[PDB]
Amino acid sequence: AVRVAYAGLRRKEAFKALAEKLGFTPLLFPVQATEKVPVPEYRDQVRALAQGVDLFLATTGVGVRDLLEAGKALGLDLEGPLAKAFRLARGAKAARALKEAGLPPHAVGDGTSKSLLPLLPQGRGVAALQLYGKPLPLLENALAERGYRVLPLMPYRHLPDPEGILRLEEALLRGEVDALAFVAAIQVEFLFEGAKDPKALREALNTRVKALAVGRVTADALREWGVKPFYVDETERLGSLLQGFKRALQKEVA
């Protein structure tokens, strides 16, 4: 059977079940860990946001929801300040969380920091930036260039799983799997930032193991490391990813 590794954390069980039903042998190699930051640890930043900001930049839906919950747990009104701020969402997920909170964004990017550049207004004041544990230097530097003091808000953190990354790298270099599925760009970044031999890993993902990407932003992360995905799915459904890959693979053979 075709052996397909999954680098995600959240939907492992669904991945395994669906892969088995489609005739693949699934392997689970998560490359990330996720931890919520205790509300008291960033209370200072939430209080600052409650004093009012000129711009609010959301990067993830989870982050928007977590921040609003932190405001409630601290007894702070964040809806008022957020209603007055110019609101940006990096992509659709952050945008949907803001819309569901009755704070729809004024502009929305395409899921990437670079897509926000034309939407970042030259201004004065404070820009609150919601993060998720990974540095966003392009954004942080652009907010400062645009005239704002940056107020970071990190309600949770995605971190690499170092041991998990090394185990996946060994499996890929061993020829232990036929394909590897990435469901978020950060999983591509953690694998390549944590590999012992990134050049060998690039060679393996270009010539021996097929890289599969859920989302254009995940595919672009692979391409920035010199890897071209064999198949890119744009539905966010694991059944689509897997089935689309199965057909693509066979079309080649036939």
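From 1 onward, residues are counted along the sequence shown.
**Q** Tell me which of 189-197 and 36-44 has the higher mean C-alpha B-factor in the deposited entry.
**A** Averaged over C-alpha atoms, the B-factors run higher in 36-44.
**Q** Comparing 169-177 with 146-154, which stretch shows the greater average C-alpha B-factor in the deposited entry?
**A** Taking the mean C-alpha B-factor of 169-177 and of 146-154, the larger value falls to 169-177.
**Q** By the record's CA B-factor, is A184 among the lowest, middle or highest third of residues in the chain?
**A** Tercile = lowest for this residue's CA B-factor.
**Q** Using only modelled residues of the chain, where does the Cα B factor of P104 rank: lowest third, middle third or highest third?
**A** Middle third, going by the recorded CA B-factors of the chain.
**Q** Using the B-factors in the PDB entry, rank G71's C-alpha atom against the chain and give the third, lowest, middle or highest.
**A** Its C-alpha B-factor, which the entry lists for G71, ranks in the lowest third among residues of this chain.
**Q** Place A219 in the lowest, middle or highest third of its chain's C-alpha B-factors, as listed in the PDB entry.
**A** Tercile = lowest for this residue's CA B-factor.
**Q** Grab the CA temperature factor for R208 from the record and place it in the lowest, middle or highest third of its chain.
**A** Highest third.
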